[PDB]
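Here is entry16.cif, consisting of mmCIF, C-alpha atoms and all ligand atoms:
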data_structure
#
loop_
_atom_site.label_atom_id
_atom_site.label_comp_id
_atom_site.auth_asym_id
_atom_site.auth_seq_id
_atom_site.Cartn_x
_atom_site.Cartn_y
_atom_site.Cartn_z
CA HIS A 8 -200.05 -50.14 246.18
CA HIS A 9 -197.66 -50.51 249.22
CA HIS A 10 -194.64 -49.01 247.26
CA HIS A 11 -194.16 -45.87 249.54
CA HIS A 12 -191.37 -47.57 251.68
CA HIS A 13 -189.07 -47.60 248.52
CA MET A 14 -189.39 -43.75 248.65
CA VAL A 15 -186.21 -41.93 247.36
CA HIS A 16 -185.29 -38.19 247.65
CA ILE A 17 -185.16 -36.89 244.05
CA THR A 18 -183.52 -33.55 243.15
CA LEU A 19 -183.38 -31.81 239.74
CA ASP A 20 -180.09 -31.45 237.78
CA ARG A 21 -179.87 -27.75 236.60
CA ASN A 22 -177.22 -28.74 234.00
CA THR A 23 -179.73 -30.95 232.02
CA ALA A 24 -182.50 -28.28 232.03
CA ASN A 25 -183.78 -26.51 228.94
CA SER A 26 -182.40 -22.93 229.17
CA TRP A 27 -185.91 -21.42 229.83
CA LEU A 28 -186.52 -23.48 232.99
CA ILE A 29 -186.28 -22.12 236.54
CA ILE A 30 -185.30 -24.70 239.18
CA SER A 31 -185.91 -23.69 242.80
CA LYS A 32 -182.98 -23.27 245.29
CA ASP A 33 -183.87 -26.63 246.95
CA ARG A 34 -183.82 -28.36 243.48
CA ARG A 35 -187.33 -29.77 244.22
CA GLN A 36 -189.44 -27.51 241.90
CA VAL A 37 -189.21 -26.53 238.22
CA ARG A 38 -191.31 -24.13 236.09
CA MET A 39 -191.19 -22.50 232.62
CA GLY A 40 -189.65 -19.00 232.65
CA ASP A 41 -190.83 -16.05 230.47
CA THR A 42 -187.43 -15.99 228.66
CA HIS A 43 -183.95 -17.59 228.37
CA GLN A 44 -182.67 -17.92 232.01
CA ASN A 45 -179.11 -16.52 231.38
CA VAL A 46 -177.24 -19.93 231.52
CA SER A 47 -174.50 -21.15 229.13
CA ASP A 48 -175.37 -23.91 226.65
CA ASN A 49 -173.96 -27.44 227.14
CA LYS A 50 -174.41 -30.87 225.49
CA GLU A 51 -176.63 -32.10 228.44
CA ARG A 52 -179.44 -29.50 227.94
CA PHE A 53 -182.72 -30.52 226.27
CA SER A 54 -182.88 -27.98 223.39
CA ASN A 55 -186.39 -28.36 221.83
CA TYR A 56 -188.69 -28.99 224.83
CA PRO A 57 -189.05 -27.77 228.47
CA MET A 58 -187.41 -30.95 229.94
CA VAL A 59 -185.03 -31.66 232.87
CA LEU A 60 -183.62 -34.83 234.53
CA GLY A 61 -183.29 -35.79 238.17
CA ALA A 62 -179.68 -35.90 239.50
CA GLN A 63 -180.10 -39.53 240.74
CA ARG A 64 -179.03 -42.48 238.50
CA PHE A 65 -180.60 -45.94 239.15
CA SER A 66 -179.14 -49.27 237.83
CA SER A 67 -180.74 -51.67 240.43
CA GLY A 68 -183.50 -51.98 243.05
CA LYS A 69 -186.93 -50.49 243.67
CA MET A 70 -187.44 -46.67 243.69
CA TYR A 71 -190.57 -44.54 244.33
CA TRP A 72 -191.22 -40.77 244.19
CA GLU A 73 -194.24 -38.38 243.88
CA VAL A 74 -194.79 -35.26 241.76
CA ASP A 75 -197.38 -32.45 242.21
CA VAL A 76 -199.07 -31.47 238.89
CA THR A 77 -201.74 -29.15 240.42
CA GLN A 78 -203.41 -26.74 237.88
CA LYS A 79 -201.16 -27.75 234.90
CA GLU A 80 -202.71 -28.17 231.39
CA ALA A 81 -199.73 -30.16 230.02
CA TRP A 82 -196.75 -32.17 231.34
CA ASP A 83 -194.77 -35.42 230.83
CA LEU A 84 -193.46 -37.57 233.73
CA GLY A 85 -191.55 -40.81 234.18
CA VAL A 86 -187.98 -42.20 233.73
CA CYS A 87 -185.48 -42.32 230.88
CA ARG A 88 -182.07 -43.75 229.99
CA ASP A 89 -179.10 -41.57 230.96
CA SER A 90 -178.11 -41.72 227.20
CA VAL A 91 -181.36 -40.26 225.66
CA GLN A 92 -180.99 -37.75 222.80
CA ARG A 93 -180.94 -34.12 224.13
CA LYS A 94 -180.91 -32.06 220.85
CA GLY A 95 -183.53 -31.72 218.11
CA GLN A 96 -186.93 -33.38 217.73
CA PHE A 97 -187.78 -36.87 219.06
CA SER A 98 -190.82 -38.83 220.34
CA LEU A 99 -191.21 -40.14 223.92
CA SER A 100 -191.17 -43.95 223.44
CA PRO A 101 -189.42 -46.95 224.98
CA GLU A 102 -187.54 -47.38 221.62
CA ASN A 103 -185.96 -43.89 222.27
CA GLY A 104 -185.29 -44.70 226.00
CA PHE A 105 -188.34 -43.12 227.73
CA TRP A 106 -191.05 -44.70 230.01
CA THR A 107 -193.52 -41.80 230.44
CA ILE A 108 -197.14 -40.69 230.77
CA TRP A 109 -198.53 -37.25 229.93
CA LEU A 110 -201.41 -34.81 229.99
CA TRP A 111 -202.19 -32.99 226.71
CA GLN A 112 -205.42 -31.22 225.60
CA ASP A 113 -207.62 -32.68 228.35
CA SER A 114 -206.49 -36.35 227.77
CA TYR A 115 -203.98 -38.60 229.63
CA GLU A 116 -201.80 -40.96 227.49
CA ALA A 117 -198.91 -43.43 228.06
CA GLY A 118 -195.78 -42.81 225.92
CA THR A 119 -195.91 -46.07 223.93
CA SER A 120 -195.46 -46.04 220.11
CA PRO A 121 -198.12 -45.34 219.15
CA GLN A 122 -199.42 -43.71 222.35
CA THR A 123 -201.98 -45.47 224.59
CA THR A 124 -205.21 -43.88 225.95
CA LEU A 125 -205.37 -43.80 229.80
CA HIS A 126 -208.72 -44.13 231.66
CA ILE A 127 -208.57 -41.74 234.66
CA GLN A 128 -211.89 -40.95 236.49
CA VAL A 129 -210.29 -38.49 239.04
CA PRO A 130 -207.86 -35.94 237.40
CA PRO A 131 -204.69 -36.34 239.51
CA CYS A 132 -203.09 -33.46 241.49
CA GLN A 133 -200.15 -35.78 242.45
CA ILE A 134 -198.60 -38.77 240.57
CA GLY A 135 -196.58 -41.64 242.15
CA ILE A 136 -193.81 -43.21 239.97
CA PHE A 137 -192.49 -46.68 240.87
CA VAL A 138 -189.46 -48.34 239.16
CA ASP A 139 -188.42 -51.97 239.72
CA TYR A 140 -185.10 -52.19 237.80
CA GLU A 141 -184.64 -56.02 238.02
CA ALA A 142 -188.34 -56.75 237.17
CA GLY A 143 -188.27 -54.30 234.17
CA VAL A 144 -191.33 -52.39 235.53
CA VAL A 145 -192.38 -48.70 235.54
CA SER A 146 -195.78 -47.99 237.17
CA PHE A 147 -197.80 -44.77 237.70
CA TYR A 148 -200.24 -44.20 240.59
CA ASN A 149 -203.01 -41.55 241.10
CA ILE A 150 -202.25 -40.26 244.65
CA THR A 151 -205.45 -38.04 244.57
CA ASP A 152 -207.57 -41.24 244.03
CA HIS A 153 -206.26 -43.44 246.93
CA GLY A 154 -203.16 -44.52 244.93
CA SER A 155 -205.19 -46.15 242.07
CA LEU A 156 -203.08 -47.62 239.19
CA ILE A 157 -202.80 -45.42 236.09
CA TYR A 158 -200.39 -47.47 233.90
CA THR A 159 -197.71 -50.25 234.02
CA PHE A 160 -194.89 -50.60 231.46
CA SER A 161 -193.64 -54.19 231.83
CA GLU A 162 -190.82 -56.15 230.06
CA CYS A 163 -188.91 -52.78 229.92
CA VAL A 164 -185.48 -52.92 228.23
CA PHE A 165 -183.80 -50.13 230.28
CA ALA A 166 -180.40 -50.93 228.66
CA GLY A 167 -178.50 -48.55 231.00
CA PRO A 168 -178.75 -46.34 234.08
CA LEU A 169 -182.14 -44.57 234.52
CA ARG A 170 -182.85 -40.94 235.50
CA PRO A 171 -186.12 -39.38 236.71
CA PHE A 172 -187.62 -37.44 233.72
CA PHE A 173 -189.77 -34.23 233.76
CA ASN A 174 -191.43 -31.97 231.17
CA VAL A 175 -193.22 -28.84 232.50
CA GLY A 176 -194.82 -28.40 229.01
CA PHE A 177 -195.29 -25.29 226.83
CA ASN A 178 -197.23 -22.22 228.12
CA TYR A 179 -198.64 -20.83 224.80
CA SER A 180 -202.15 -20.66 226.46
CA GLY A 181 -201.05 -18.73 229.60
CA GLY A 182 -202.73 -21.49 231.65
CA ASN A 183 -199.71 -23.83 232.16
CA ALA A 184 -197.21 -21.64 234.16
CA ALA A 185 -197.58 -23.74 237.38
CA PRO A 186 -194.52 -25.74 238.56
CA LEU A 187 -193.85 -29.48 238.86
CA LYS A 188 -192.98 -30.11 242.53
CA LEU A 189 -191.28 -33.16 244.05
CA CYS A 190 -193.50 -33.91 247.14
CA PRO A 191 -192.04 -34.75 250.57
CA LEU A 192 -191.66 -38.33 251.90
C1 LIG B 1 -190.84 -20.58 223.42
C2 LIG B 1 -191.39 -21.64 224.37
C3 LIG B 1 -191.89 -21.00 225.68
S1 LIG B 1 -193.62 -21.28 225.96
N1 LIG B 1 -193.97 -20.61 227.36
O1 LIG B 1 -193.81 -22.68 226.10
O2 LIG B 1 -194.35 -20.57 224.96
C4 LIG B 1 -190.37 -22.75 224.58
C5 LIG B 1 -189.34 -22.63 225.51
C6 LIG B 1 -188.41 -23.66 225.67
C7 LIG B 1 -188.50 -24.80 224.92
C8 LIG B 1 -189.51 -24.94 224.00
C9 LIG B 1 -190.44 -23.92 223.82
#
Output the file's structure as structure tokens, nothing else.
Ligand SMILES: C[C@H](CS(N)(=O)=O)c1ccccc1
Amino acid sequence: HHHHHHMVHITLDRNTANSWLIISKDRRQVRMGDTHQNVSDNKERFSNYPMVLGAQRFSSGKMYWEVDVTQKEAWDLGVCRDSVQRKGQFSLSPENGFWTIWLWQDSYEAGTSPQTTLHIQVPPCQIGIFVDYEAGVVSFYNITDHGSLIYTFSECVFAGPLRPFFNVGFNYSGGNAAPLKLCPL
């Protein structure tokens, strides 16, 4: 892919974060805390899962960013509608306004309904996410493996502004404490 020149500077929006997340001062890193992080509740916060949105909203054009997933056992990454449900249980699917991939229990899967098996030969330490709003495209690239394609959602019905989407995952095992990091341009 030659998508790097659509690079955008993504920062995390503290106000959307699950109350157990810790977002770094520079708003470029997020990790699961050991407890509630002493913030007030609000209608923006994801209640049931360790999720947070980027601050940026996209309604046109081509956008690209990269995320470091080094040493994590579980995570979800991609984009979602600004209007996604925040409270209670829900599945990550395009019908619910999410275009995502994830790692769970040693397998990679795309957030279709039902979910799709990914075929990755080189476990990625960094993921590239490309959105073409007009084309209706969300693509994922394996930066560790020379930028190889992971998955393309096409014919996407965004149906509103999009936000970068993150899930640091649970840490029940004690092996998933590591942060998600937005990598420099
Ligand atoms: C209780 C856990 C923390 S952990 N480390 O994943 O066990 C949890 C926190 C926030 C949202 C959902 C779940």
| query | What does the distance from atom CA of residue A:147 to atom CA of residue A:95 come to in Å, to one decimal? | reply |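 Interatomic distance here is 27.5 Å.
Around stretch 115-121 of chain A, within 8 Å and counting only C-alpha atoms, the residues found are residues 99, 100, 101, 105, 106, 107, 108, 109, 110, 111, 124, 125, 126, 127 and 158 of chain A, once anything fewer than 3 positions away on its own chain is removed.
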What residues of the protein or nucleic acid chains come within 10 Å of ligand LIG 1 (chain B) when you use only C-alpha atoms and all ligand atoms? Reply as an mmCIF file with C-alpha atoms, in the coordinates of the input.
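Produced file pocket-v7.cif, reproduced below:
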data_model
loop_
_atom_site.group_PDB
_atom_site.id
_atom_site.type_symbol
_atom_site.label_atom_id
_atom_site.label_comp_id
_atom_site.auth_asym_id
_atom_site.auth_seq_id
_atom_site.Cartn_x
_atom_site.Cartn_y
_atom_site.Cartn_z
ATOM 1 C CA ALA A 24 -182.500 -28.280 232.030
ATOM 2 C CA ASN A 25 -183.780 -26.510 228.940
ATOM 3 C CA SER A 26 -182.400 -22.930 229.170
ATOM 4 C CA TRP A 27 -185.910 -21.420 229.830
ATOM 5 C CA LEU A 28 -186.520 -23.480 232.990
ATOM 6 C CA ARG A 38 -191.310 -24.130 236.090
ATOM 7 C CA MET A 39 -191.190 -22.500 232.620
ATOM 8 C CA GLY A 40 -189.650 -19.000 232.650
ATOM 9 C CA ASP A 41 -190.830 -16.050 230.470
ATOM 10 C CA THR A 42 -187.430 -15.990 228.660
ATOM 11 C CA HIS A 43 -183.950 -17.590 228.370
ATOM 12 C CA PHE A 53 -182.720 -30.520 226.270
ATOM 13 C CA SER A 54 -182.880 -27.980 223.390
ATOM 14 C CA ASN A 55 -186.390 -28.360 221.830
ATOM 15 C CA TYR A 56 -188.690 -28.990 224.830
ATOM 16 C CA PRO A 57 -189.050 -27.770 228.470
ATOM 17 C CA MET A 58 -187.410 -30.950 229.940
ATOM 18 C CA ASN A 174 -191.430 -31.970 231.170
ATOM 19 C CA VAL A 175 -193.220 -28.840 232.500
ATOM 20 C CA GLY A 176 -194.820 -28.400 229.010
ATOM 21 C CA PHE A 177 -195.290 -25.290 226.830
ATOM 22 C CA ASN A 178 -197.230 -22.220 228.120
ATOM 23 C CA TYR A 179 -198.640 -20.830 224.800
ATOM 24 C CA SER A 180 -202.150 -20.660 226.460
ATOM 25 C CA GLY A 181 -201.050 -18.730 229.600
ATOM 26 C CA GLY A 182 -202.730 -21.490 231.650
ATOM 27 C CA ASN A 183 -199.710 -23.830 232.160
ATOM 28 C CA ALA A 184 -197.210 -21.640 234.160
#
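Coordinates place atom CA of residue A:12 at a distance of 8.0 Å from atom CA of residue A:71.
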| said: Show me, as a ChimeraX atom specification, the residues that have an atom within 8 Å of residue A:155 when counting only C-alpha atoms, minus same-chain residues fewer than 6 positions from it. | reply: /A:8,148-149
| task | Calculate how many Å separate atom CA of residue A:97 from atom CA of residue A:162, rounding to one decimal. | result | 22.4 Å
